[PDB]
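Residue-level listing of the chains:
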Amino acid sequence: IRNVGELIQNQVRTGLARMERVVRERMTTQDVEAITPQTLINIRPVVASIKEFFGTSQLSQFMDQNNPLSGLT
Amino acid sequence: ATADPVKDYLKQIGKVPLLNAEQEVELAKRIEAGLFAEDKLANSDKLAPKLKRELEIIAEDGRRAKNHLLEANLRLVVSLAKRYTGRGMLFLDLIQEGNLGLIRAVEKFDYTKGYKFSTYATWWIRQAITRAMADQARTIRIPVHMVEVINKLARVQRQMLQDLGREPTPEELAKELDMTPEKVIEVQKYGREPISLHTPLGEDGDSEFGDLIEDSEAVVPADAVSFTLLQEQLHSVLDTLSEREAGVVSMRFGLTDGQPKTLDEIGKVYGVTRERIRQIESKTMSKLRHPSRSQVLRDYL
Amino acid sequence: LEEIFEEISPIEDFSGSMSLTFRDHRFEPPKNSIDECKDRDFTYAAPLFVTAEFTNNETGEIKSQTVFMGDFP
Amino acid sequence: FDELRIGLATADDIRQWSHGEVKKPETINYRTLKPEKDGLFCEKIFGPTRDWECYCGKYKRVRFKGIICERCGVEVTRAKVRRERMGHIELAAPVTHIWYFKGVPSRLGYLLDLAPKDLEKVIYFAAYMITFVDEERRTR
Amino acid sequence: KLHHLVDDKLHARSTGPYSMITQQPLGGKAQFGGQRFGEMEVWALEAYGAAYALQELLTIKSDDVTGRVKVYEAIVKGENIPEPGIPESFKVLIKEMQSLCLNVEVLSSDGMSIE
Amino acid sequence: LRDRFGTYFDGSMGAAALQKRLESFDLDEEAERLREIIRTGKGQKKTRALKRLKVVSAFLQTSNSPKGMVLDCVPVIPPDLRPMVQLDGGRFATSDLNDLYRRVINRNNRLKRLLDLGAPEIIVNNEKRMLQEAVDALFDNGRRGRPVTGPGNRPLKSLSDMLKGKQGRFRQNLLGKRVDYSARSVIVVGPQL
Ligand SMILES: [Zn+2]
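Residues numbered from 1 in each chain as written, not as in the entry; some residues may be left out. Chains lettered and ligands numbered in written order. Part of a larger assembly, values for the part shown. Heavy atoms only, no water. Residues with missing side-chain atoms left out of burial classes, pairs and counts.

Method of structure determination, per the deposited record: cryo-EM was used for this entry, reaching 3.77 Å resolution.

If you check the PDB entry, chain C appears there as DNA-directed RNA polymerase subunit beta from Streptomyces coelicolor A3(2).

Chain B is annotated in the PDB entry as RNA polymerase sigma factor SigA from Streptomyces coelicolor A3(2). Database annotation for chain B, UniProt heading Subunit (unreviewed entry): "Interacts transiently with the RNA polymerase catalytic core." (UniProt positions renumbered as here; feature names shortened; annotations may be inferred.)

In structure tokens, the structure reads:
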């Protein structure tokens, strides 16, 4: 069972993989001494993935609140 | 000839001789030699046949060296196509557009610049690629200068999010862009992309979005039939009026033809003066305003 | 989270001169209350900061700076 | 309704169906939300977006229908004509219908005695054909 | 008490919205959507031999733009129902198959047919 | 071959070669020789000749010429059948045919641009290849290799894709349609009826 922790971890891992590729590309096209950790990392992929995680996912389901037992189930 | 045609394109590049400094400077030398050869051939003054053939041969050799240069730079252009892949344009299409930029650049390159061809070309390659992306990427075409406006505001807004760590307020963005907020909202709304109808609704796998949104061009049967009943009732009401009165009001309001005629405009076929016809128009409007011929038409609005 | 961060080793260019270490991650309290989020249509989230350390052998210097990768649901 | 004859649509037939020619990828101006000229959705070729209305605004009314205003070339008529009228794209270099090839041999038919690999290689620009030889000339 | 309450399930339609690409009525309850007369329904009707009912259920009551306003007018005026025309979905198909380079020409026994 | 000897063998490349071959094809002689082969033939060669005779005879009896295999002009679906309908919220709603027609128009225009100016053989050949690939997609997206995914979330729809399958026009909007003057509801038992 991929508990929710592992699901979100896989998604943020994919996002950080895109971040890694982006920062490597930036490194290949950046000069030295003008490089700071603040500027090089693009936060777009991680947020875009953890936000698209909920969307288009067969696992992020609309909660059903018909009654507390529907919730637990 | 295989799936993923870009692989076959890369193989079609194959192995071609990369050019070191002396090689491409000599290639450019005989390129311009062929250039003057074809220039001399283009002139109308008579030249000896053998000399003309020699000039044509030199121009042909220049052409061959041109294609040598293009095949050598195919690798650079595909690299620069990578550099802008994944923005709504297919990778091979970006490669081809960059190749168009490349043929432009070689058509505008010579050794007179004390630099390698690689440094000079990349500007034109990026130019052609970005022009193509601006003019052919989005479903609803956006002008190039709107394109740079939207990409500028997008990238600077990304910088604002990166710095402040929070969604910037529209006024702060407006002042940073130096434009007013209304332009900010305008370009923000213009910088969208369509959503495809043929997508699963997601409520059910079978259902698709294009089968859930209603049209406006449909003639609602209730409205059409109500309009027809209004037409019949109104025409009957005018038939209640005198023949001349009903006719003149009809032309004044064009029940017979989609264009109503001005009062003077009615006073040509009927043979009445603009003030006379006006007086009867006033008379018709009064008569249809009595409560007799008003109960029926009140409800139809 | 710290596991997936530690998985991404500091990036090395072709020269391997520079490196970015994601040592420590941290949270801050969310700005919006749960009831507020439900009512105003806001994704319940909190900030997630992480300390990025730039180290270059050529410069022989270490520059530490905290960065923020976005709201975390 | 007695028979739905179906067959191969030749180029001349396609030209006959067409009421114009598409020349751009334009769809709609980002600001005016109206169809562009000579592209997809063009009113000059397919039909008016609004009943009897032209693009320039000349001759909008239902009265003077059945005319073509010289300004934008729109023929005033019902919008329903757009559901029927069709255009055509001219291709600089000919291409081959995907359907009749790349399938079972009852539709490709082996009309040319060439293996499917040969066709897959040749029409996709990976190998040449000797279309014609003056073999009598070569022999003489 | 389960959540299959009748108030949710109850739906009806005299005439309402329609789809765009094909002029047939759209589905769902929120949009006044007619129930689907699927393939098995026409199989049953053909089994009964009731051909006129199938014709009206397939042309007048949907998929014919010229017929819908006509039938509404005929009913309210009391006039007898008019003759159904050709459905629009078939025209959509004819154009689409004409866009694949198949000249699907409707023909009559004596030359060209009138439509 | 071309350099060592020209003016004797005429050679070509791509669909244009197919067009030339079909223009110069003499199917009657093929039918005659294949009939001769069937009269005296053995093995699977006989079956291949059978299929070949079937198709060539079908074409010979019909008046329409074989050159219809290679289409020169691509018909376009009328716009209302591929609606770019306005959608509330400043958004848009588009059908994938719009995308495919845009691609084929782009590639045809760019090929025209390349042909106008002096261009090599490699670039023009690759461009014609992309044109053929784009047209392939419009008529059948996904019949070769990966389909034209467009947005990347899903293969784009295609002309023939509308004409096939459970969701195809045939089995969903011509045999079974929705109908006006209809309703639905839960059912209960009433015995007194
Ligand atoms: Zn006009």
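Novice: Help me get a handle on the sheet that holds strand β1 (residues 18-27) of chain C, residues and values and all.
Specialist: Residue and element names in this part refer to chain C. A sheet is described by the order of its strands in space; here three strands give the open sequence β1-β2-β3, paired in antiparallel fashion. Unpaired on one side and paired on the other, β1 and β3 (61-72) mark the two borders of the sheet. Between one strand axis and the next, the sheet turns by 25° as a mean value, whatever way the strands run. Bridging between β1 and strand β2 (residues 46-56) involves eight bridges; their strand directions are antiparallel. Bridging from a neighbouring strand, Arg 26 pairs with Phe 49 of β2. (Pairing = 2+ DSSP bridges. Helix = DSSP H or I, 4+ residues; strand = E, 2+ residues; numbered from the N terminus. Axes fitted to C-alpha atoms, helices over the stretch in contact; angles between N-to-C directions.)

Novice: Which residues make up the interface of chain B and chain E, and what are the values?
Specialist: Chain B puts 10 residues into the contact, and the matching count from chain E is 13 residues. For the pair chain B and chain E, the summed buried area comes to about 1,200 Å², and 72% of that belongs to carbon and sulfur atoms. Contact with chain E buries area across many residues of chain B, yet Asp 215, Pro 221 and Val 225 of chain B alone supply 39% of it, more than any other trio. Inspection of the chain B/chain E interface yields one residue pair in polar contact. (Contact = heavy atoms within 4.5 Å. Buried area = accessible area lost by both parts, 1.4 Å probe. Polar contact = N/O pair within 3.5 Å; in protein donor to acceptor, adjacent residues only side chain to side chain.)

Novice: Could you give an account of the coordination of the zinc ion, with specific residues and numbers?
Specialist: All names here are of chain D. Summarising the metal site, the zinc ion is bound by the protein donors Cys 54 (SG), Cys 56 (SG), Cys 69 (SG) and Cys 72 (SG), whose distances to it range over 2.3 Å. One can describe the site at the zinc ion as tetrahedral: its four donor atoms subtend angles covering 95 to 125° at the metal. Along the chain, the residues that donate to the zinc ion are spaced as C-x1-C-x12-C-x2-C. On the criterion of sequence distance, the pair formed by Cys 56 in the loop between α1 (11-17) and β2 (88-90) and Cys 72 in the loop between α1 and β2 is long-range, its members being 16 residues apart. Residue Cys 56 is classed as partly exposed on the basis of its relative accessible area, which comes to 39%. Here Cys 72 falls in the buried class, since its relative accessible area comes to 6%. (Donors = N, O, S within 2.8 Å, 3.2 Å for Na, K, Ca; no water. Tetrahedral: all angles 85-135°; square planar, octahedral: opposite > 155°, others 65-115°. Buried < 20%, exposed > 50% of the residue type's maximum accessible area, 1.4 Å probe, protein only.)

Novice: Would you mind going over a nonpolar patch on the surface in detail, with residue names and values included?
Specialist: Taken together, the side chains of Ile 130 and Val 133 of chain D together with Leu 1 and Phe 5 of chain F present a nonpolar region at the surface, about 380 Å² in accessible area. Within the fold, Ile 130 of chain D resides in strand β3 (residues 128-133). Look at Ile 130 of chain D and you get partly exposed, because its relative accessible area is 49%. (Patch = residues over 30% accessible without salt bridge, like charges linked within 9 Å, V, L, I, M, F, W, Y side chains within 5 Å. Areas by Shrake-Rupley, 256 points an atom, 1.4 Å probe, with all protein chains shown as cover. Salt bridge = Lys/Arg side-chain N within 4 Å of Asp/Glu carboxyl O.)

Novice: Lay out the nonpolar core with the relevant residues and their values.
Specialist: By size, the foremost hydrophobic cluster in this structure holds 73 residues, and its most contacted members are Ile 89 of chain D together with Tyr 101 and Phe 139 of chain F. At the level of secondary structure, the elements contributing two or more residues to this core comprise α1 and α2 (116-122) of chain D, α5 (88-98) of chain E together with α1 (15-24), α3 (44-61), β2 (73-75), α4 (96-116) and α5 (121-139) of chain F. Not counting residues up to four positions away in its chain, the partners in contact with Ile 89 of chain D are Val 22 of chain D together with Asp 72, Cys 73, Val 74, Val 76, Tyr 101, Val 104, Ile 105 and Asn 108 of chain F. Of all hydrophobic cores here, the second largest spans 27 residues; its members include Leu 80, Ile 103, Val 106 and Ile 125 of chain B. (Core = buried A, V, L, I, M, F, W, Y, C linked by side-chain atoms within 4.5 Å.)

Novice: Kindly report on a positive patch on the surface, identifying the contributing residues and their values.
Specialist: Judged by side-chain charge, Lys 11, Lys 15 and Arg 75 of chain B together with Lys 117 and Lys 121 of chain D come together as a positively charged surface patch. For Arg 75 of chain B, the location among the structural elements is in helix α3 (residues 49-82). (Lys, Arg positive; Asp, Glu negative; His and termini not counted. Charge placed at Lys NZ, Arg CZ, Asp CG, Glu CD.)

Novice: With reference to specific residues and values, describe the packing of helix α2 (residues 21-42) of chain B against α3 of chain B.
Specialist: All names here are of chain B. The N-to-C vectors of α2 and α3 enclose an angle of 140°; their axes lie 8 Å apart at closest approach. As far as their axial angle goes, α3 and α2 are oblique. Two packed elements cross with a definite hand, and for α2 against α3 that hand is left-handed. Residues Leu 27, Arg 30, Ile 31, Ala 33, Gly 34, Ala 37, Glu 38, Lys 40 and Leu 41 of α2 form the contact with α3, whose own contacting residues are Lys 52, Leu 55, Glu 56, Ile 58, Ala 59, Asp 61, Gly 62, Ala 65 and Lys 66. (Parallel < 35°, antiparallel > 145°, perpendicular 65-115°, else oblique. Left-handed = near helix turned anticlockwise from the far one by under 90°.)

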